[PDB]
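Novice: A structural model of the following input is requested.
(2 chains, ligands or ions: 1)
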2 protein chains.
Amino acid sequence: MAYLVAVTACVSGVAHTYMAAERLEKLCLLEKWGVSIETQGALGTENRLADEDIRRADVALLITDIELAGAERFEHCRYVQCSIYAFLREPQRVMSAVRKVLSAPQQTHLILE
Amino acid sequence: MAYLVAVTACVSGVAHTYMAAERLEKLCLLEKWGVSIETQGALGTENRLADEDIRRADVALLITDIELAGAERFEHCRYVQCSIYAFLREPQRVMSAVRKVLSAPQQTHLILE
Ligand code: NI
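Specialist: Residues are numbered from 1 along each chain as shown, chains lettered A, B, ... in the order given. Below is the structure:
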């Protein structure tokens, strides 16, 4: 029932970025969440989240080792930010951390690792 | 035994800032929280937070309408941020938010009224 937007980012950004996104697509699969994923890599921004998505969303997930292009799009959102290598290692901190921020009566930003 | 650092900020002179610091100082001692408060006003920055203070603080409170100088300093802190006239109208909202951010497992940033 929830709708999640996300951005995965790697400096080089072709390999480490796509597997993060794919994992999240199947995580959102399981928990039956709606999801739109933006990719930022050395081949540039793909599936760029329109600001319609971002405002329609209940929580954002920022998986990155980088200075997100247009990181400011997300300041008015509940979100969880973590590194690439952290989401891949153990992601159910992350998906649980997402469900906490999702549940929390307050509008929290949560940084992991 | 908990330790809080705080920054109150207002463009419109040294009047809207000190009562904010005032109320917080006595919100704190009542809860027996240690507290150091940085003031940023038309007279400049007073009792600026030592970073050893910021790095050993359990949580920061950012009472500001404006853009804090050294907003940089709190990126790795648990903190609650709100505007001055919001902290003024009803302050218990704020410290219980503070006590959640203090309680909650992860480094959460909380933007409030
Ligand atoms: Ni933040």
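Novice: distance check, residue A:24 against residue A:110.
Specialist: Residue A:24 sits 16 Å away from residue A:110, taking CB to CB, to the nearest Å as the criterion. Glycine gets a C-beta too; all of them are placed from N, C-alpha and C.
Novice: so what are the sheet partners of the helix or strand containing residue A:110 and their directions?
Specialist: Following DSSP states H and E, the helix or strand that holds residue A:110 is strand A:107-111. Its sheet considered, strand A:107-111 pairs with strand A:79-82 (parallel), strand B:108-111 (antiparallel) by DSSP bridges.
Novice: quick one: buried residues of that strand?
Specialist: Across strand A:107-111, burial judged by 16 or more other CB atoms under 10 Å in any protein chain shown covers A:108, A:109, A:110, A:111.
Novice: and of those, the nearest to residue A:89?
Specialist: When the buried residues of strand A:107-111 are ranked by distance to residue A:89 (CB to CB), residue A:111 comes first, at 15.8 Å.
Novice: quick check: beta-bridge partners of the closest one?
Specialist: residue A:81.
Novice: what's the distance between it and residue A:81?
Specialist: Distance from residue A:111 to residue A:81, by CB to CB: 5 Å.
Novice: repeat for residue A:49
Specialist: Distance, residue A:49 to residue A:81, by CB to CB: 15 Å.
Novice: again, but for residue A:27
Specialist: Where residue A:81 is concerned, residue A:27 sits at a distance of 16 Å (CB to CB).
Novice: next one: residue A:5
Specialist: Distance from residue A:5 to residue A:81, by CB to CB: 13 Å.
Novice: find the residues that touch each one of these two.
Specialist: Here residue A:5 and residue A:81 have residue A:61 as joint contacts, going by CB atoms under 8 Å, 6 or more residues apart in numbering or on different chains.
Novice: which residues are contacting stretch A:41-48?
Specialist: So stretch A:41-48 is in contact with A:9-14, A:17, A:36-40, A:69, going by CB under 8 Å, 6+ apart.
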